[PDB]
Amino acid sequence: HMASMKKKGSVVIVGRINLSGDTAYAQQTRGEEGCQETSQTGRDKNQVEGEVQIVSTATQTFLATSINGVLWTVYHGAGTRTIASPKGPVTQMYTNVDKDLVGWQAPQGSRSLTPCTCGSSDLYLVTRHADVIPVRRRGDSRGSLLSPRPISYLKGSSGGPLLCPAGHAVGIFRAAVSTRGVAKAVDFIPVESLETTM
Ligand SMILES: COc1ccc2nc(C)c(O[C@@H]3C[C@H]4C(=O)N[C@]5(C(=O)NS(=O)(=O)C6(C)CC6)C[C@H]5/C=C\CCCCC[C@H](NC(=O)OC5CCC5)C(=O)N4C3)nc2c1
Ligand SMILES: [Zn+2]
């Protein structure tokens with residue numbers, strides 16, 4: 001079926017989590033129609049701002065987080081896809097299925113988080129709805145929610161950051177641990193695992 005073989009589209013930035021001020025809030029920067037066309041062309045002329053992007057493919061939506069000049073997300077969201085940019089599709093510079101991790105060069109205009117060196121266990125998870133959820137670190141890749149809630153509230157937030165009290169990146173949200181649909185804990189990619197990948 002060589003003549004008909006299709007190509008998957010690019011990941012597309014469709015919004016961001018604004019952490020600029022005192023109040024965190026989600027912003028949409030591209031609607032579903034323009035996302036569809038930008039995914040096909042890989043050409044995204046929109047201005048990018050901030051640390052946490054909301055990203056989409058044709059079938060999934062999740063988050064992506066800039067840390068040290070790399071926009072990081074999960075492999076279960078992005079696969080091996082390019083990301084759209086002003087000059088066309090950009091190929092991944094990191095791919096690690098064993099960690100559920102991918103990364104591209106951070107887009108012009110983004111701001112990057114700094115990797116945490118505090119060694120603190122009082123963390124904060126940022127979701128696609130701009131909820132800032134306290135999480136106690138429980139291991140290298142696990143943290144417990146101080147206030148559990150249904151997994152529905154976390155769906156679509158893979159690729160988002162866990163931050164320390166000082167706003168540094170401690171990890172990338174990967175998976176939720178639940179009992180009877182209630183998220184009690186989170187699984188995340190520690191920033192050290194990104195820093196060695198780099
Ligand atoms: C393909 O190659 C791959 C390589 C490595 C890899 N490695 C993984 C750990 C993995 O896990 C998958 C996807 C995540 C997920 O759903 N990620 C969140 C999310 O939001 N995704 S998302 O909606 O943005 C989406 C799907 C658009 C991208 C953050 C969750 C939110 C809610 C949970 C919903 C029920 C699901 C509860 C699961 N629990 C869990 O597995 O827990 C155990 C891990 C150790 C304990 C869970 O979380 N997953 C199951 N897939 C892969 C795939
Ligand atoms: Zn820190």
Side-chain angles (χ1 to χ4, degrees), residues 8-17 19 26 35 39 51-65 67-68 71-81 83 92 94-104 112-141 143-145 147-179 181-183 185-195 197:
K8 279 184 185 189
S10 292
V11 176
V12 178
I13 296 169
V14 294
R16 72 176 72 88
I17 308 297
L19 304 168
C35 178
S39 184
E51 305 88 2
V52 179
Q53 310 300 320
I54 310 167
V55 297
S56 298
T57 66
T59 52
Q60 294 196 114
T61 184
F62 46 105
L63 300 177
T65 300
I67 306 168
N68 275 12
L71 185 71
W72 300 98
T73 188
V74 288
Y75 185 91
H76 78 260
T80 58
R81 289 178 191 248
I83 189 166
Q92 291 177 14
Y94 306 102
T95 315
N96 192 333
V97 67
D98 292 327
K99 297 177 180 174
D100 196 16
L101 181 68
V102 311
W104 306 269
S112 272
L113 298 165
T114 299
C116 183
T117 58
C118 298
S120 169
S121 283
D122 293 330
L123 316 181
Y124 302 89
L125 169 68
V126 177
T127 75
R128 73 176 293 113
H129 307 297
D131 294 319
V132 173
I133 296 175
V135 168
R136 174 72 185 183
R137 199 184 186 152
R138 297 298 193 184
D140 49 5
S141 56
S144 52
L145 278 72
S147 297
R149 63 201 76 196
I151 50 171
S152 308
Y153 285 96
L154 299 181
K155 179 177 187 294
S157 288
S158 70
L162 287 90
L163 309 174
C164 79
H168 311 138
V170 173
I172 295 294
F173 182 29
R174 174 165 62 199
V177 177
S178 63
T179 295
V182 176
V186 291
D187 164 50
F188 65 87
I189 304 154
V191 70
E192 291 87 0
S193 186
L194 279 48
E195 283 172 280
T197 294

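If you read the sequence from its start, that first residue is 1, and numbering goes on from there. First listed ligand is number 1; within each ligand, the first listed atom is number 1. All heavy atoms count here, side chains included; hydrogens, waters and symmetry mates do not.
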Exercise for the section: Take the Zn ion (ligand 2) as the centre and count protein N, O or S atoms at distances under 2.8 Å. Expected result: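 Near the Zn ion (ligand 2), the number of protein N, O or S atoms below 2.8 Å is 4.
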Handout entry: Residues, nucleotides or ligands: over 12 heavy atoms within 6.0 Å of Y94 OH
Key =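 Atom OH in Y94 is crowded, with more than 12 foreign heavy atoms closer than 6.0 Å.
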Non-hydrogen side-chain atoms of [X] and [Y] separated by less than 4.5 Å:
X	Y	result
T57	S39	no
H168	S120	no
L63	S157	yes
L125	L154	yes
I189	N96	no
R136	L123	no

State the atoms of ligand 1, each with its element, that fall below the 4.0 Å cut-off from a heavy-atom position in [X].
X	answer
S157	20 (O), 24 (O)
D187	44 (C), 45 (C)
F173	29 (C)
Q60	25 (C), 26 (C), 27 (C), 28 (C)
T61	24 (O), 27 (C)
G77	28 (C)

Any nitrogen or oxygen of [X], main chain or side chain, under 3.5 Å from a nitrogen or oxygen of ligand 1?
X	answer
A175	no
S158	yes
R174	yes
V177	no

Exercise for the section: Measure the CD1-NZ distance between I172 and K99 for me, rounded to the nearest 0.5 Å. Expected result: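 Going from the CD1 atom of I172 to the NZ atom of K99 covers 12.5 Å.
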Handout entry: Value rounded to 0.5 Å, distance of CZ in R149 from OG1 in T127
Key =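 Reported value, rounded in 0.5 Å steps: 8.0 Å.
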Practice task
Report the part of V97 (side chain from C-beta onward, or backbone N, CA, C, O) that has a heavy atom under 4.0 Å from ligand 1; answer both or neither where that applies.
Solution key: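 Contact part for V97 vs ligand 1: both backbone and side chain.
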Problem - Closest to atom 51 (N) of ligand 1 (judged by heavy-atom distance), picking from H76, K99, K155 - result: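 It is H76 whose heavy atom sits nearest to atom 51 (N) of ligand 1.
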Handout entry: The single option from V74, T73, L194 passing side-chain contact (heavy atoms from CB on, under 4.5 Å) against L101
Key =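 One option only clears the test, and that one is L194.
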Practice task
Give a yes/no verdict on whether any heavy atom in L63 is under 4.0 Å from an atom of ligand 1.
Solution key: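 No, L63 has no heavy atoms under 4.0 Å from ligand 1.
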